[PDB]
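Student: My file is protein.cif. It has mmCIF, N, CA and C atoms:
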```cif
data_target
loop_
_atom_site.label_atom_id
_atom_site.label_comp_id
_atom_site.auth_asym_id
_atom_site.auth_seq_id
_atom_site.Cartn_x
_atom_site.Cartn_y
_atom_site.Cartn_z
N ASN D 1284 141.21 129.27 82.81
CA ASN D 1284 142.33 130.19 82.97
C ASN D 1284 141.97 131.39 83.83
N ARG D 1285 140.69 131.55 84.19
CA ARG D 1285 140.22 132.75 84.86
C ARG D 1285 140.61 132.75 86.34
N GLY D 1286 140.31 133.86 87.01
CA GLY D 1286 140.77 134.05 88.37
C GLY D 1286 139.96 133.28 89.40
N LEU D 1287 140.44 133.33 90.64
CA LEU D 1287 139.95 132.45 91.70
C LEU D 1287 138.53 132.77 92.12
N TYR D 1288 138.12 134.04 92.03
CA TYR D 1288 136.71 134.35 92.24
C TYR D 1288 135.85 133.78 91.12
N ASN D 1289 136.39 133.69 89.90
CA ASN D 1289 135.61 133.18 88.78
C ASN D 1289 135.65 131.66 88.74
N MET D 1290 136.72 131.05 89.24
CA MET D 1290 136.93 129.61 89.10
C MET D 1290 135.96 128.78 89.90
N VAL D 1291 135.69 129.14 91.15
CA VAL D 1291 134.78 128.34 91.95
C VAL D 1291 133.33 128.76 91.76
N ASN D 1292 133.08 129.94 91.19
CA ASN D 1292 131.73 130.25 90.74
C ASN D 1292 131.36 129.37 89.56
N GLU D 1293 132.22 129.33 88.54
CA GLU D 1293 132.04 128.48 87.37
C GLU D 1293 132.07 126.99 87.71
N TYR D 1294 132.64 126.63 88.86
CA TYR D 1294 132.52 125.26 89.34
C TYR D 1294 131.25 125.04 90.14
N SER D 1295 130.69 126.10 90.73
CA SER D 1295 129.47 125.95 91.52
C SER D 1295 128.19 126.30 90.77
N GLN D 1296 128.28 126.89 89.57
CA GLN D 1296 127.11 127.48 88.92
C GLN D 1296 126.30 126.47 88.13
N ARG D 1297 126.32 125.19 88.54
CA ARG D 1297 125.64 124.08 87.85
C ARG D 1297 126.14 123.97 86.41
N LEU D 1298 127.46 124.00 86.27
CA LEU D 1298 128.08 123.96 84.95
C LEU D 1298 127.88 122.60 84.29
N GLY D 1299 128.24 121.53 85.00
CA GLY D 1299 128.33 120.16 84.48
C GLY D 1299 129.17 120.14 83.20
N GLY D 1300 130.42 120.57 83.37
CA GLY D 1300 131.35 120.65 82.25
C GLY D 1300 131.66 119.30 81.64
N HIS D 1301 131.71 118.26 82.46
CA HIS D 1301 131.74 116.88 81.96
C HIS D 1301 130.89 116.00 82.87
N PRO D 1302 129.60 115.93 82.59
CA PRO D 1302 128.69 115.18 83.46
C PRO D 1302 128.53 113.73 83.03
N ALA D 1303 127.67 113.00 83.74
CA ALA D 1303 127.30 111.65 83.38
C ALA D 1303 125.87 111.38 83.84
N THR D 1304 125.21 110.45 83.17
CA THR D 1304 123.87 110.05 83.56
C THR D 1304 123.97 108.99 84.66
N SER D 1305 123.20 109.20 85.73
CA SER D 1305 123.37 108.47 86.98
C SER D 1305 123.04 106.99 86.88
N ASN D 1306 121.84 106.64 86.41
CA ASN D 1306 121.38 105.25 86.41
C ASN D 1306 121.18 104.76 84.98
N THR D 1307 122.26 104.27 84.37
CA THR D 1307 122.20 103.61 83.07
C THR D 1307 123.28 102.54 83.05
N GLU D 1308 123.12 101.53 82.18
CA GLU D 1308 124.06 100.42 82.13
C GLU D 1308 125.43 100.86 81.62
N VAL D 1309 125.47 101.77 80.65
CA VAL D 1309 126.71 102.30 80.10
C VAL D 1309 126.69 103.81 80.29
N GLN D 1310 127.80 104.36 80.79
CA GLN D 1310 127.87 105.76 81.19
C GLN D 1310 127.79 106.68 79.97
N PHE D 1311 126.83 107.61 80.00
CA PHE D 1311 126.59 108.56 78.93
C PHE D 1311 126.92 109.98 79.41
N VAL D 1312 126.58 110.97 78.58
CA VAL D 1312 126.63 112.38 78.94
C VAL D 1312 125.20 112.88 79.04
N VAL D 1313 124.91 113.71 80.05
CA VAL D 1313 123.56 114.26 80.14
C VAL D 1313 123.40 115.38 79.12
N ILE D 1314 122.22 115.43 78.52
CA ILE D 1314 121.77 116.55 77.71
C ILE D 1314 120.43 116.98 78.29
N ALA D 1315 120.21 118.30 78.36
CA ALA D 1315 119.12 118.93 79.12
C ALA D 1315 119.13 118.46 80.57
N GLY D 1316 120.31 118.48 81.18
CA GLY D 1316 120.49 118.01 82.54
C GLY D 1316 120.42 119.09 83.60
N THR D 1317 119.29 119.15 84.30
CA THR D 1317 119.14 119.96 85.51
C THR D 1317 118.64 119.17 86.70
N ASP D 1318 118.04 118.00 86.48
CA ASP D 1318 117.52 117.17 87.57
C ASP D 1318 118.62 116.41 88.29
N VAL D 1319 119.73 116.14 87.62
CA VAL D 1319 120.82 115.36 88.19
C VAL D 1319 121.77 116.30 88.91
N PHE D 1320 122.18 115.92 90.12
CA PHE D 1320 123.03 116.74 90.98
C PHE D 1320 124.45 116.19 90.92
N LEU D 1321 125.34 116.92 90.26
CA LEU D 1321 126.68 116.40 90.02
C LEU D 1321 127.66 117.53 89.75
N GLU D 1322 128.81 117.43 90.40
CA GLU D 1322 129.95 118.31 90.20
C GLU D 1322 131.18 117.44 90.05
N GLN D 1323 132.20 117.96 89.37
CA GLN D 1323 133.40 117.18 89.08
C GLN D 1323 134.62 117.97 89.54
N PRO D 1324 135.16 117.67 90.72
CA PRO D 1324 136.38 118.35 91.14
C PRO D 1324 137.60 117.89 90.37
N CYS D 1325 137.58 116.67 89.83
CA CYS D 1325 138.64 116.24 88.92
C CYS D 1325 138.64 117.07 87.65
N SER D 1326 137.46 117.38 87.12
CA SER D 1326 137.37 118.31 86.00
C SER D 1326 137.51 119.75 86.44
N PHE D 1327 137.44 120.03 87.74
CA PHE D 1327 137.73 121.38 88.18
C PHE D 1327 139.23 121.63 88.17
N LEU D 1328 140.00 120.75 88.78
CA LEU D 1328 141.42 120.98 88.93
C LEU D 1328 142.29 120.03 88.13
N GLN D 1329 141.72 119.34 87.13
CA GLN D 1329 142.46 118.72 86.02
C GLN D 1329 143.45 117.65 86.50
N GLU D 1330 142.98 116.71 87.31
CA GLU D 1330 143.89 115.79 87.98
C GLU D 1330 143.17 114.50 88.31
N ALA D 1331 143.89 113.38 88.23
CA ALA D 1331 143.37 112.07 88.57
C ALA D 1331 144.23 111.43 89.66
N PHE D 1332 143.59 110.68 90.54
CA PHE D 1332 144.24 109.96 91.62
C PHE D 1332 144.54 108.53 91.20
N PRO X 100 101.67 114.15 97.18
CA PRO X 100 101.95 115.44 96.54
C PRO X 100 103.30 115.40 95.87
N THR X 101 103.55 116.42 95.05
CA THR X 101 104.82 116.53 94.35
C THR X 101 105.39 117.92 94.52
N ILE X 102 106.61 118.09 94.05
CA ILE X 102 107.26 119.39 94.04
C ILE X 102 107.07 120.02 92.68
N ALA X 103 106.82 121.32 92.66
CA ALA X 103 106.86 122.07 91.42
C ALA X 103 108.32 122.30 91.06
N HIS X 104 108.59 122.57 89.80
CA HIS X 104 109.95 122.88 89.39
C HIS X 104 110.02 124.21 88.66
N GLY X 105 111.21 124.78 88.66
CA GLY X 105 111.47 125.97 87.89
C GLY X 105 112.00 125.62 86.53
N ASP X 106 112.81 124.58 86.49
CA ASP X 106 113.45 124.20 85.25
C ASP X 106 112.55 123.26 84.46
N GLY X 107 113.02 122.87 83.29
CA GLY X 107 112.20 122.08 82.41
C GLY X 107 112.17 120.61 82.74
N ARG X 108 110.97 120.06 82.87
CA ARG X 108 110.73 118.63 82.80
C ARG X 108 109.28 118.45 82.38
N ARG X 109 108.92 117.20 82.09
CA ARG X 109 107.51 116.87 81.92
C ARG X 109 106.97 116.45 83.27
N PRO X 110 106.31 117.34 84.00
CA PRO X 110 106.05 117.09 85.41
C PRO X 110 104.84 116.21 85.62
N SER X 111 104.90 115.44 86.69
CA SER X 111 103.79 114.60 87.08
C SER X 111 102.68 115.48 87.61
N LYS X 112 101.45 115.08 87.35
CA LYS X 112 100.30 115.78 87.89
C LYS X 112 100.03 115.26 89.29
N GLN X 113 98.85 115.55 89.82
CA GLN X 113 98.49 115.07 91.15
C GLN X 113 98.33 113.55 91.13
N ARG X 114 99.27 112.87 91.75
CA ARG X 114 99.18 111.43 91.89
C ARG X 114 98.29 111.07 93.06
N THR X 115 97.68 109.89 93.00
CA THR X 115 96.84 109.40 94.08
C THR X 115 96.83 107.88 94.03
N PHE X 116 97.31 107.25 95.09
CA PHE X 116 97.37 105.80 95.13
C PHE X 116 96.16 105.23 95.85
N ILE X 117 95.61 104.17 95.29
CA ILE X 117 94.62 103.36 95.97
C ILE X 117 95.23 101.98 96.08
N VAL X 118 95.47 101.54 97.31
CA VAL X 118 96.05 100.23 97.58
C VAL X 118 95.15 99.51 98.57
N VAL X 119 94.85 98.25 98.27
CA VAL X 119 94.00 97.46 99.14
C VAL X 119 94.79 96.27 99.65
N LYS X 120 94.45 95.83 100.85
CA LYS X 120 95.05 94.64 101.43
C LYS X 120 93.94 93.69 101.83
N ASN X 121 94.00 92.48 101.31
CA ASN X 121 92.99 91.47 101.59
C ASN X 121 93.31 90.81 102.92
N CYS X 122 92.30 90.18 103.50
CA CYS X 122 92.50 89.48 104.75
C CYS X 122 93.13 88.12 104.51
N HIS X 123 93.67 87.55 105.57
CA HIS X 123 94.04 86.15 105.57
C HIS X 123 92.93 85.33 106.21
N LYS X 124 93.15 84.02 106.26
CA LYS X 124 92.30 83.10 106.99
C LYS X 124 93.23 82.09 107.63
N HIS X 125 92.95 81.70 108.86
CA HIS X 125 93.71 80.65 109.51
C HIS X 125 92.75 79.76 110.28
N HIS X 126 92.85 78.46 110.04
CA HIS X 126 91.88 77.48 110.50
C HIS X 126 92.61 76.50 111.41
N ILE X 127 92.74 76.85 112.67
CA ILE X 127 93.48 76.05 113.63
C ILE X 127 92.51 75.10 114.33
N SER X 128 92.93 73.85 114.49
CA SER X 128 92.07 72.81 115.04
C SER X 128 92.92 71.71 115.64
N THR X 129 92.41 71.08 116.69
CA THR X 129 92.99 69.85 117.22
C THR X 129 91.89 68.87 117.57
N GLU X 130 92.29 67.74 118.16
CA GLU X 130 91.41 66.58 118.33
C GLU X 130 91.61 65.99 119.73
N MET X 131 90.53 65.92 120.49
CA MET X 131 90.54 65.20 121.76
C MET X 131 89.66 63.97 121.69
N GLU X 132 89.99 62.98 122.53
CA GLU X 132 89.23 61.75 122.64
C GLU X 132 88.63 61.63 124.03
N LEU X 133 87.49 60.95 124.10
CA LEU X 133 86.77 60.76 125.35
C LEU X 133 86.18 59.36 125.33
N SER X 134 86.45 58.59 126.36
CA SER X 134 85.98 57.21 126.39
C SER X 134 84.48 57.16 126.65
N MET X 135 83.82 56.21 125.98
CA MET X 135 82.38 56.05 126.14
C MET X 135 82.00 55.55 127.52
N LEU X 136 82.93 54.90 128.22
CA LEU X 136 82.70 54.56 129.62
C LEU X 136 82.72 55.79 130.51
N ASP X 137 83.29 56.90 130.04
CA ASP X 137 83.18 58.18 130.72
C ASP X 137 82.12 59.07 130.10
N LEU X 138 81.25 58.51 129.26
CA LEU X 138 80.20 59.32 128.65
C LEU X 138 78.83 58.74 128.93
N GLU X 139 78.74 57.42 129.01
CA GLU X 139 77.48 56.80 129.39
C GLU X 139 77.17 57.07 130.85
N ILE X 140 78.15 56.87 131.73
CA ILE X 140 77.94 57.12 133.15
C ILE X 140 77.88 58.61 133.44
N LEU X 141 78.46 59.44 132.57
CA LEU X 141 78.21 60.87 132.66
C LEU X 141 76.74 61.19 132.38
N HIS X 142 76.13 60.47 131.44
CA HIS X 142 74.74 60.69 131.09
C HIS X 142 73.80 59.74 131.83
N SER X 143 74.14 59.40 133.07
CA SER X 143 73.25 58.68 133.96
C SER X 143 73.19 59.43 135.28
N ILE X 144 72.33 58.96 136.18
CA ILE X 144 72.28 59.54 137.52
C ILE X 144 72.49 58.44 138.55
N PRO X 145 73.58 58.47 139.30
CA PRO X 145 73.84 57.42 140.28
C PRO X 145 73.37 57.78 141.69
N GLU X 146 72.98 56.74 142.43
CA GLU X 146 72.72 56.84 143.86
C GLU X 146 73.43 55.68 144.57
N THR X 147 74.74 55.83 144.76
CA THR X 147 75.66 54.87 145.37
C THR X 147 76.98 55.60 145.53
N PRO X 148 77.66 55.50 146.67
CA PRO X 148 78.88 56.31 146.88
C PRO X 148 80.05 55.95 145.97
#
```
Rewrite the structure from the file as structure tokens, please.
Tutor:
Amino acid sequence: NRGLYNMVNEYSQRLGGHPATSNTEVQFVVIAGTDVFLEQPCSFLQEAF
Amino acid sequence: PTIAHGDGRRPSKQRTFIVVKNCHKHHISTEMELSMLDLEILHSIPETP
């Protein structure tokens, strides 16, 4: 809900608000995840194609 | 060599690979024939044109 200066900082600040583990047979969520490089613009702007 | 990190992981120490490559061998050969009528008179000395 925050403003536009806050929105893309919180999207760029290595948030991983809804991440996934890169190489596994079934998709999980990362815990203690800093080695994996991932951002979610769908989770940024709440929309699916 | 490796990269140091700021964040948490169990980091690899100084790695060092020793890899060896063995030689091959190739044994190429063929066969020629020579007639004994061209070997006896080769091993003689003629005096006739």
Student: Identify all chain D residues at most 8 Å from chain X by counting all atoms listed in the file; ligands do not count. Present them as a VMD selection string.
Tutor: chain D and resid 1315 1317 to 1318
Student: List as number ranges by chain the residues having at least one atom at most 6 Å from position (124.9, 120.2, 89.3) as given in the file, counting only N, CA and C atoms.
Tutor: D: 1297-1299, 1319-1322
Student: Skipping near chain neighbours, those fewer than 6 positions away, what residues fall within 8 Å of range 110-113 of chain X using only C-alpha atoms, listed as a list in words?
Tutor: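 In the requested format, the answer is residues 100, 101 and 103 of chain X.
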Student: Please write as a list in words the full residue list that the PyMOL selection byres (((chain D and resi 1300 and name CA) around 12) and name CA) yields on this file.
Tutor: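 For this structure, the PyMOL selection byres (((chain D and resi 1300 and name CA) around 12) and name CA) captures residues 1293, 1294, 1295, 1296, 1297, 1298, 1299, 1301, 1302, 1303, 1312, 1313, 1314, 1316, 1321, 1322, 1323, 1324, 1325, 1326, 1327 and 1329 of chain D.
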Student: What would the file look like if the residues just selected were written as a JSON list (two decimals), in the frame of the given file with N, CA and C atoms?
Tutor:
```
[["chain", "number", "residue", "atom", "x", "y", "z"],
["D", 1293, "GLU", "N", 132.22, 129.33, 88.54],
["D", 1293, "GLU", "CA", 132.04, 128.48, 87.37],
["D", 1293, "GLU", "C", 132.07, 126.99, 87.71],
["D", 1294, "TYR", "N", 132.64, 126.63, 88.86],
["D", 1294, "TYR", "CA", 132.52, 125.26, 89.34],
["D", 1294, "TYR", "C", 131.25, 125.04, 90.14],
["D", 1295, "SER", "N", 130.69, 126.10, 90.73],
["D", 1295, "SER", "CA", 129.47, 125.95, 91.52],
["D", 1295, "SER", "C", 128.19, 126.30, 90.77],
["D", 1296, "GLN", "N", 128.28, 126.89, 89.57],
["D", 1296, "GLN", "CA", 127.11, 127.48, 88.92],
["D", 1296, "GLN", "C", 126.30, 126.47, 88.13],
["D", 1297, "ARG", "N", 126.32, 125.19, 88.54],
["D", 1297, "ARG", "CA", 125.64, 124.08, 87.85],
["D", 1297, "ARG", "C", 126.14, 123.97, 86.41],
["D", 1298, "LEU", "N", 127.46, 124.00, 86.27],
["D", 1298, "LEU", "CA", 128.08, 123.96, 84.95],
["D", 1298, "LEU", "C", 127.88, 122.60, 84.29],
["D", 1299, "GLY", "N", 128.24, 121.53, 85.00],
["D", 1299, "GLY", "CA", 128.33, 120.16, 84.48],
["D", 1299, "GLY", "C", 129.17, 120.14, 83.20],
["D", 1301, "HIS", "N", 131.71, 118.26, 82.46],
["D", 1301, "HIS", "CA", 131.74, 116.88, 81.96],
["D", 1301, "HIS", "C", 130.89, 116.00, 82.87],
["D", 1302, "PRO", "N", 129.60, 115.93, 82.59],
["D", 1302, "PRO", "CA", 128.69, 115.18, 83.46],
["D", 1302, "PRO", "C", 128.53, 113.73, 83.03],
["D", 1303, "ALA", "N", 127.67, 113.00, 83.74],
["D", 1303, "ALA", "CA", 127.30, 111.65, 83.38],
["D", 1303, "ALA", "C", 125.87, 111.38, 83.84],
["D", 1312, "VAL", "N", 126.58, 110.97, 78.58],
["D", 1312, "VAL", "CA", 126.63, 112.38, 78.94],
["D", 1312, "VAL", "C", 125.20, 112.88, 79.04],
["D", 1313, "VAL", "N", 124.91, 113.71, 80.05],
["D", 1313, "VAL", "CA", 123.56, 114.26, 80.14],
["D", 1313, "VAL", "C", 123.40, 115.38, 79.12],
["D", 1314, "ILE", "N", 122.22, 115.43, 78.52],
["D", 1314, "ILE", "CA", 121.77, 116.55, 77.71],
["D", 1314, "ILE", "C", 120.43, 116.98, 78.29],
["D", 1316, "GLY", "N", 120.31, 118.48, 81.18],
["D", 1316, "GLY", "CA", 120.49, 118.01, 82.54],
["D", 1316, "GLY", "C", 120.42, 119.09, 83.60],
["D", 1321, "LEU", "N", 125.34, 116.92, 90.26],
["D", 1321, "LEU", "CA", 126.68, 116.40, 90.02],
["D", 1321, "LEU", "C", 127.66, 117.53, 89.75],
["D", 1322, "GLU", "N", 128.81, 117.43, 90.40],
["D", 1322, "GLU", "CA", 129.95, 118.31, 90.20],
["D", 1322, "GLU", "C", 131.18, 117.44, 90.05],
["D", 1323, "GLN", "N", 132.20, 117.96, 89.37],
["D", 1323, "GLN", "CA", 133.40, 117.18, 89.08],
["D", 1323, "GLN", "C", 134.62, 117.97, 89.54],
["D", 1324, "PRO", "N", 135.16, 117.67, 90.72],
["D", 1324, "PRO", "CA", 136.38, 118.35, 91.14],
["D", 1324, "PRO", "C", 137.60, 117.89, 90.37],
["D", 1325, "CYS", "N", 137.58, 116.67, 89.83],
["D", 1325, "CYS", "CA", 138.64, 116.24, 88.92],
["D", 1325, "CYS", "C", 138.64, 117.07, 87.65],
["D", 1326, "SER", "N", 137.46, 117.38, 87.12],
["D", 1326, "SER", "CA", 137.37, 118.31, 86.00],
["D", 1326, "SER", "C", 137.51, 119.75, 86.44],
["D", 1327, "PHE", "N", 137.44, 120.03, 87.74],
["D", 1327, "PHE", "CA", 137.73, 121.38, 88.18],
["D", 1327, "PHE", "C", 139.23, 121.63, 88.17],
["D", 1329, "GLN", "N", 141.72, 119.34, 87.13],
["D", 1329, "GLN", "CA", 142.46, 118.72, 86.02],
["D", 1329, "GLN", "C", 143.45, 117.65, 86.50]]
```
Student: Some atoms are missing, so please complete range 113-135 of chain X with N, CA, C and O atoms and return it as a JSON list (two decimals), keeping the file's coordinate frame.
Tutor:
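Everything below was put into part-v6.json:
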```
[["chain", "number", "residue", "atom", "x", "y", "z"],
["X", 113, "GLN", "N", 98.85, 115.55, 89.82],
["X", 113, "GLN", "CA", 98.49, 115.07, 91.15],
["X", 113, "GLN", "C", 98.33, 113.55, 91.13],
["X", 113, "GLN", "O", 97.43, 113.00, 90.49],
["X", 114, "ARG", "N", 99.27, 112.87, 91.75],
["X", 114, "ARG", "CA", 99.18, 111.43, 91.89],
["X", 114, "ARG", "C", 98.29, 111.07, 93.06],
["X", 114, "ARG", "O", 98.13, 111.85, 94.00],
["X", 115, "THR", "N", 97.68, 109.89, 93.00],
["X", 115, "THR", "CA", 96.84, 109.40, 94.08],
["X", 115, "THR", "C", 96.83, 107.88, 94.03],
["X", 115, "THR", "O", 96.39, 107.31, 93.03],
["X", 116, "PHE", "N", 97.31, 107.25, 95.09],
["X", 116, "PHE", "CA", 97.37, 105.80, 95.13],
["X", 116, "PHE", "C", 96.16, 105.23, 95.85],
["X", 116, "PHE", "O", 95.75, 105.74, 96.89],
["X", 117, "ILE", "N", 95.61, 104.17, 95.29],
["X", 117, "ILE", "CA", 94.62, 103.36, 95.97],
["X", 117, "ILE", "C", 95.23, 101.98, 96.08],
["X", 117, "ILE", "O", 95.49, 101.32, 95.07],
["X", 118, "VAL", "N", 95.47, 101.54, 97.31],
["X", 118, "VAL", "CA", 96.05, 100.23, 97.58],
["X", 118, "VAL", "C", 95.15, 99.51, 98.57],
["X", 118, "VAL", "O", 94.69, 100.10, 99.55],
["X", 119, "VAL", "N", 94.85, 98.25, 98.27],
["X", 119, "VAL", "CA", 94.00, 97.46, 99.14],
["X", 119, "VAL", "C", 94.79, 96.27, 99.65],
["X", 119, "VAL", "O", 95.68, 95.75, 98.97],
["X", 120, "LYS", "N", 94.45, 95.83, 100.85],
["X", 120, "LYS", "CA", 95.05, 94.64, 101.43],
["X", 120, "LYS", "C", 93.94, 93.69, 101.83],
["X", 120, "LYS", "O", 93.03, 94.06, 102.58],
["X", 121, "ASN", "N", 94.00, 92.48, 101.31],
["X", 121, "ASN", "CA", 92.99, 91.47, 101.59],
["X", 121, "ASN", "C", 93.31, 90.81, 102.92],
["X", 121, "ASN", "O", 94.44, 90.86, 103.41],
["X", 122, "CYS", "N", 92.30, 90.18, 103.50],
["X", 122, "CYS", "CA", 92.50, 89.48, 104.75],
["X", 122, "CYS", "C", 93.13, 88.12, 104.51],
["X", 122, "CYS", "O", 93.13, 87.60, 103.40],
["X", 123, "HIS", "N", 93.67, 87.55, 105.57],
["X", 123, "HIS", "CA", 94.04, 86.15, 105.57],
["X", 123, "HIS", "C", 92.93, 85.33, 106.21],
["X", 123, "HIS", "O", 91.91, 85.85, 106.66],
["X", 124, "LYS", "N", 93.15, 84.02, 106.26],
["X", 124, "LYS", "CA", 92.30, 83.10, 106.99],
["X", 124, "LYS", "C", 93.23, 82.09, 107.63],
["X", 124, "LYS", "O", 94.23, 81.70, 107.02],
["X", 125, "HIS", "N", 92.95, 81.70, 108.86],
["X", 125, "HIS", "CA", 93.71, 80.65, 109.51],
["X", 125, "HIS", "C", 92.75, 79.76, 110.28],
["X", 125, "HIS", "O", 91.94, 80.24, 111.08],
["X", 126, "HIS", "N", 92.85, 78.46, 110.04],
["X", 126, "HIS", "CA", 91.88, 77.48, 110.50],
["X", 126, "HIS", "C", 92.61, 76.50, 111.41],
["X", 126, "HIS", "O", 93.05, 75.44, 110.96],
["X", 127, "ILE", "N", 92.74, 76.85, 112.67],
["X", 127, "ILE", "CA", 93.48, 76.05, 113.63],
["X", 127, "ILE", "C", 92.51, 75.10, 114.33],
["X", 127, "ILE", "O", 91.39, 75.47, 114.69],
["X", 128, "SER", "N", 92.93, 73.85, 114.49],
["X", 128, "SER", "CA", 92.07, 72.81, 115.04],
["X", 128, "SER", "C", 92.92, 71.71, 115.64],
["X", 128, "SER", "O", 94.02, 71.43, 115.15],
["X", 129, "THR", "N", 92.41, 71.08, 116.69],
["X", 129, "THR", "CA", 92.99, 69.85, 117.22],
["X", 129, "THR", "C", 91.89, 68.87, 117.57],
["X", 129, "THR", "O", 90.71, 69.11, 117.32],
["X", 130, "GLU", "N", 92.29, 67.74, 118.16],
["X", 130, "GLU", "CA", 91.41, 66.58, 118.33],
["X", 130, "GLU", "C", 91.61, 65.99, 119.73],
["X", 130, "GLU", "O", 92.72, 65.62, 120.10],
["X", 131, "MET", "N", 90.53, 65.92, 120.49],
["X", 131, "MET", "CA", 90.54, 65.20, 121.76],
["X", 131, "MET", "C", 89.66, 63.97, 121.69],
["X", 131, "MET", "O", 88.70, 63.90, 120.92],
["X", 132, "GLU", "N", 89.99, 62.98, 122.53],
["X", 132, "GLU", "CA", 89.23, 61.75, 122.64],
["X", 132, "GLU", "C", 88.63, 61.63, 124.03],
["X", 132, "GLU", "O", 89.18, 62.12, 125.02],
["X", 133, "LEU", "N", 87.49, 60.95, 124.10],
["X", 133, "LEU", "CA", 86.77, 60.76, 125.35],
["X", 133, "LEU", "C", 86.18, 59.36, 125.33],
["X", 133, "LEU", "O", 85.49, 59.01, 124.37],
["X", 134, "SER", "N", 86.45, 58.59, 126.36],
["X", 134, "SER", "CA", 85.98, 57.21, 126.39],
["X", 134, "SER", "C", 84.48, 57.16, 126.65],
["X", 134, "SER", "O", 83.93, 57.95, 127.42],
["X", 135, "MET", "N", 83.82, 56.21, 125.98],
["X", 135, "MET", "CA", 82.38, 56.05, 126.14],
["X", 135, "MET", "C", 82.00, 55.55, 127.52],
["X", 135, "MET", "O", 80.88, 55.78, 127.96]]
```
